[PDB]
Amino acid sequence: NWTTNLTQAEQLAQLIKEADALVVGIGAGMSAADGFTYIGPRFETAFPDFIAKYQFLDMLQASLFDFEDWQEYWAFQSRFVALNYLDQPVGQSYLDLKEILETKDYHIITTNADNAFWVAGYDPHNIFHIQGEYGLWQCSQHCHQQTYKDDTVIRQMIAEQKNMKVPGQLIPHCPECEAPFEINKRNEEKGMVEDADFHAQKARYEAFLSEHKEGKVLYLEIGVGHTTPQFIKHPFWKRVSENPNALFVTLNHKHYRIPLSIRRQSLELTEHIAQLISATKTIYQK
């Protein structure tokens, strides 16, 4: 029953059913599993200019690169936003997970910044985008705590750029301090602009955690790696340690070693996320 000869999907379906509540942590693996990849042909097709000039290995690296000027920054990012936010289609695993979660008390924290939850029709009140969203902008000097958006300008930038540069007059500027806008993204050194909406999401997430300090709480970690373990992986480990009745279930095709404190409360499921979620949904629905 509630315990870490069944298939991975059978084991997952049963735990979800049995859980009092689910705390679901989603990282880049879930998007990669639906084909929203950041290395290979998807990246090569979309950015052959930038790859030819900078020898970028992957789209994450390129999205973090300190470009020479804001004209180049916005040429790259406008296209990046269109690929992963304006025009990214619905992923089947986001739809399959949503159906499973419909019958459960749950909350989601995600380090992903793509459109995946929105095109899959999730209630925004149930999701905490701790790393911001590609569709949003912030003052590059973080001069005040407000995010902005303007998809029309993004499309202008895609249309008007040439030679990896947006025309200067199209670069958007913070109305308070006139610094250029940048993507709402968390820097290690400078942090992230966290506006009223961000704090509302955080408070909802913290509320849910406060309500589920006890009981059969399933901490379900999907496609979370080592890139930024401080947001999901490590906090989950700690929650599971602090509640002896919690379980830690990680959906990941690579092995990340689990702390000694929670070895007996942990389960690693290595099946390809898309396949696993699909098979789990099928079982869970019978």
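Counting begins at 1, following the sequence as shown.
Higher average CA B factor: 200-208, of the stretches 200-208 and 111-119. The deposited model assigns a higher average Cα B-factor to 49-57 than to the other stretch when 49-57 and 231-239 are compared.
For the set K104, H125, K98, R79, the maximum C-alpha B-factor listed in the entry falls on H125. Of all the options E133, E188, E182, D87, the entry's greatest CA B-factor is assigned to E188. Among the modelled residues of the chain, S93 sits in the lowest third by CA temperature factor in this PDB entry.
Annotation for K149: C-alpha temperature factor in the highest third relative to the rest of the modelled chain, per the entry. Annotation for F65: C-alpha temperature factor in the highest third relative to the rest of the modelled chain, per the entry. The PDB entry assigns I39 a C-alpha temperature factor belonging to the middle third of its chain's modelled residues. Among the modelled residues of its chain, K213 has a C-alpha B-factor that falls in the highest third according to the deposited record.
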